[PDB]
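There is one chain below, alone, in structure tokens, taken in the form deposited without this ligand.
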């Protein structure tokens, strides 16, 4: 019932991952960027981080499985060559071993011990040179035990981490030894609420959120940002509510876009559900099959917010 070892490894690995991404970002990004078949981007950073993390996980916990976003099926040769250079700063692996490490991430989740990795959450944020996160969680039978978010561009570079039952802590990227406890805000009126959402217009319904927040009498403009950093904002008290509003009932969120943030907000004293107020169910594979969208909050504001969300999104198909 304790996961110190897993939380310790997760911190250590996410810290190195932040070094990777930052180092990738010191150069021009276009020649480091691949457009996948769904037109979403993947970079040298995404692939390099995944190689390193998966290898480290496999070295310490060979028996565990790994759910990770990327694979090597379509990766271009110039991109891959750069990937090998970045990884070999931190891990003495050959090119072929780097490929294998990436492809360790093909677990479908569900029963047993699984690591959940988004090597770069908010890759558009990475390309924007504003918020992105390295996200790593560990779960058993779909119950999240450990959550770590590395956010290199957030207020000078921050990492937040939690394990179940033990609270949430904040560290700088340069020091994972000395952390501070963090707690969600105490804001008890929706009118004084700082609300956050995706930058990308196609990742959340920004027209419906305006209508939601208008009904909740929110005075402050929304804080738009890429990534699971939005969960870090909630957990640390920097914002009060995070909305992710779908345009249909068919899209299902990936578990590597929510697993770390979910636990972290809860251990920080907040609340995370979908738009209907239902708890997120991470036991149904790689996607949140039985959930629609996200509402994350400081807990006090939650139900007041959900009630308006549900109503405005009552027409969904």
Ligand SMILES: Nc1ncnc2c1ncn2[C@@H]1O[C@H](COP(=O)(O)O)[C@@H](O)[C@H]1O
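Positions refer to the first chain, counted from 1.
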item	value
Greater mean Cα temperature factor according to the PDB record, 205-213 or 110-118	205-213
Between 32-40 and 262-270 (mean CA B-factor, as deposited), the higher	32-40
Member of 150, 237, 147, 156 with the greatest C-alpha B factor (per the PDB record)	156
Most elevated Cα B-factor in the entry, residues 123, 198, 91, 187	91
Third assignment of residue 141 from its chain's C-alpha B-factors	lowest
Where the record places residue 134 (Cα B-factor, split into thirds across the chain)	lowest
Within-chain third of residue 251 by Cα B-factor, per the entry	highest
Chain-wide C-alpha B factor ranking for residue 58, given as lowest, middle or highest third	middle
Residue 220 - which third its CA temperature factor falls in, relative to the rest of the chain	highest
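What comes next is about the form solved in complex with this ligand, which is not displayed.
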item: Option from 139-147, 227-235, 187-195, 212-220 whose residues, in the bound PDB entry, bring a heavy atom within 4.5 Å of this ligand; value: 227-235
item: All of 31, 80 and 119 within 4.5 Å of this ligand in the bound PDB entry, heavy atom check; value: no
item: Option touching this ligand, based on a heavy atom within 4.5 Å in the bound PDB entry, out of 208, 244, 164, 169; value: 244
item: Partner-contacting position among 200, 155, 71, 97 - heavy atom within 4.5 Å of this ligand in the bound PDB entry; value: 200
item: Interface membership of residue 253, this ligand in the bound PDB entry, 4.5 Å heavy atom rule; value: yes
item: This ligand contact in the bound PDB entry: residue 257, any heavy atom under 4.5 Å; value: yes
